[PDB]
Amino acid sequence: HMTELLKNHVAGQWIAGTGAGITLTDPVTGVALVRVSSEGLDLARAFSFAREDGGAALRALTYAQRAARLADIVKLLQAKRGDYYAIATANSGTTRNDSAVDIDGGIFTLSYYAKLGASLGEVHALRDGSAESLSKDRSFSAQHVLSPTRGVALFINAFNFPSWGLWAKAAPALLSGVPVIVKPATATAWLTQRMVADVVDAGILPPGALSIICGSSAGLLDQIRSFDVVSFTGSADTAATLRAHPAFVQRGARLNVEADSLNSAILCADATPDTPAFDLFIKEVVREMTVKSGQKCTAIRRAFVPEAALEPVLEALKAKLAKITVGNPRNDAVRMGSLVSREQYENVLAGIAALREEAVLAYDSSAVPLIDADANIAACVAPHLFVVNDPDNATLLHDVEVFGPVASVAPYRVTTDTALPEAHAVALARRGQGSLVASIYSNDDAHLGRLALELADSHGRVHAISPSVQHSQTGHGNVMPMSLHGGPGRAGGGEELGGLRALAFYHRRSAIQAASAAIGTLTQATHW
């Protein structure tokens, strides 16, 4: 008698992998929860049934018909949230509020796209921009269109967001008429598989539209062909092995990468310790370090503050981090639970030791006993705050991501000649080699507009926090589905979400050049 072996959904059937499988475990208590395996699956059939049946059946439906099916999946996921929260507590060791970022974040984003999708109407292709004359008499004209790619969407998803990573990607893919095969990271795969099971069991989507494989990834990319698309989230080192696969180098399948990102937070010159913007910065830093134990891809890793503001910053961060209780998320006194696994705990400990070689530890509450948890079993890590006094000559600050409740503060030299006062901090943020997000904090709303444009070429999102929006700003690390998610360089060169922008990744663009009456008839069969 062993724990449940979770089956895969492939070629319209629930199939168990062979062998003993891989055990998922509770990262707080060490209890064995469920097992996964992909051993022995027929991956040629899995990919063909999705691509041929799943794709033809989705393409038969209009956008608005697909959107209505996403609305029904929203209602189903909401009705089962109690089950999802139980699995999150056990498999991920997250506080209820932190579980919500993944569960309800996923559902909210799915709902956003169901609503947006309803507006795309009862058509099978979309218009890109308007018609343009190609002739003096306007008898011959051109109109670009977007048509769903005749392939499958493979999602290789990270362990931190088993729900959101599924729905953030699946919602625009299914809206686009493209069938989904999700491969969630093993350690936290249970929620992804239960949600897929719930949806598949309800029969909302056609057969073949949504498939799941949990276990080994071996042989998956071998099945990818030129009209397929892949979206990978995970380590930069893995990313580079993936990109060398023949699916991409020889077959040219489209790829999106999200990888390591040393996201920055920049305290502006004007945000001194007497001003309201100073506290907003302290709070935002501590929230990003601690939500999910710092396991968001978008968490603040590097915090750049004026030389003069360095000691007051460290003191204020020390005091706010001290209120952070760590342990078992079942106890309501706990503010921050565990990392996802004891294996991740070891990578985080190892990252911490590596940073320590070039930074001073300003804060670490590792001697505080855990609440309702044994430190020798649980994958709990206490917040750790590093200070790097010389970031220009810094070796590791800008290059080593520690995927845990860890961040480094560094001073920058204020520019008070005339450019931006924050010019040095922009330069230091850029040394992270391209990131998902930077946030900037100031009392002056107008100044944040100027500064933002200086970070925009190296960050997929610039998030500006100031007293006028203390009540409304949506958070450094919280990804709003109407806004772009991705970043250049190190962060992977990828783009997803950004509302309608997400649909392009799933379609083929074409310029149609024709008699005006032909363009008129095309336009009658399309929408934007």
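A residue's number is simply how far along the shown sequence it sits, counting from 1.
A chain break between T418 and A419 is present, corresponding to 1 to 3 residues of the deposited sequence without coordinates. As recorded in the PDB entry, 443-451 is the stretch of 443-451 and 160-168 with the greater mean C-alpha temperature factor. Comparing 359-367 with 343-351, the stretch with the higher mean C-alpha B-factor in the PDB entry is 359-367. Within the selection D198, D137, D98, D222, the deposited Cα B-factor values reach their highest point at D137. Reading the B-factor column for the CA atoms of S483, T62, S37, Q470 in the entry, the top value corresponds to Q470.
Sorting the modelled residues of the chain by their CA temperature factor places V388 in the highest third.
When the modelled residues of the chain are ordered by their C-alpha B factor, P179 lands in the lowest third. Ranked against the other modelled residues of its chain, the C-alpha B-factor of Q13 as given in the entry falls in the highest third. Ranked by Cα temperature factor within the chain, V409 sits in the middle third according to the deposited record. In the PDB entry, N328 places in the lowest third of its chain by CA B-factor.
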